[PDB]
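Quick heads-up: it's one chain on its own, the form deposited in one PDB entry, in structure tokens.
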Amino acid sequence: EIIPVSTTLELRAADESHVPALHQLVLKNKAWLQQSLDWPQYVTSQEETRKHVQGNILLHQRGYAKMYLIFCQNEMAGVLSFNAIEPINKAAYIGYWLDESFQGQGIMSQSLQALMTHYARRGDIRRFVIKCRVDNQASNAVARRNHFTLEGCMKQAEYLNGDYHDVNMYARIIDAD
């Protein structure tokens, strides 16, 4: 399962074969990922990433979540995913991160747009949501460029780096009729 993004980019569904490369990518970025994600601190050994992946693959096959790996000229560059899918509401919560050396190239912006369009077209997701610290300006720029509307500010909603942070909730509705 591959969702095309561009002549140099593609989304591949999470595989057990990706575990090794992804573990290294996580290691290389966890110091800075920790400021806006919670799970990187619990990742130490490859076994823990494999665990996260096998679990994700299941929710992925059942349609309860999705995990895609972003590939740039056959090189793993980051992860784009639906952390949770509420089938009855056709709503999904988005999560993503990019290896620091693949940033600043519009890679995530384009991947998100290709991913959303694909699901709005299939029709099982029409409402997309992005929740992230209010102060993560890079993620906010990805959401706005993808036409997300800020719905609210959740006060001190997430505990990250020994402190509570206000979280913005961005959403976009796409009815691909």
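Numbering starts at 1 and follows the sequence shown. Take the two forms, superpose them, and find the largest set of C-alpha atoms that agree within 1.5 Å; that set is the rigid core.
Below, we refer to the form deposited in another entry, which is not included among the displayed structures.
With the rigid core aligned between the shown form and the other one, only one of 137, 54, 117, 61 has a CA shift of 2 Å or more: 137. Residue 9 is not among the residues whose C-alpha shifts by 2 Å or more between the shown form and the other one once the rigid core is aligned; its shift stays under 2 Å. With the core held fixed, the Cα of residue 19 is displaced between the shown form and the other one by less than 2 Å. Superposition of the core reveals a Cα shift of 2 Å or more for residue 160 between the shown form and the other one.
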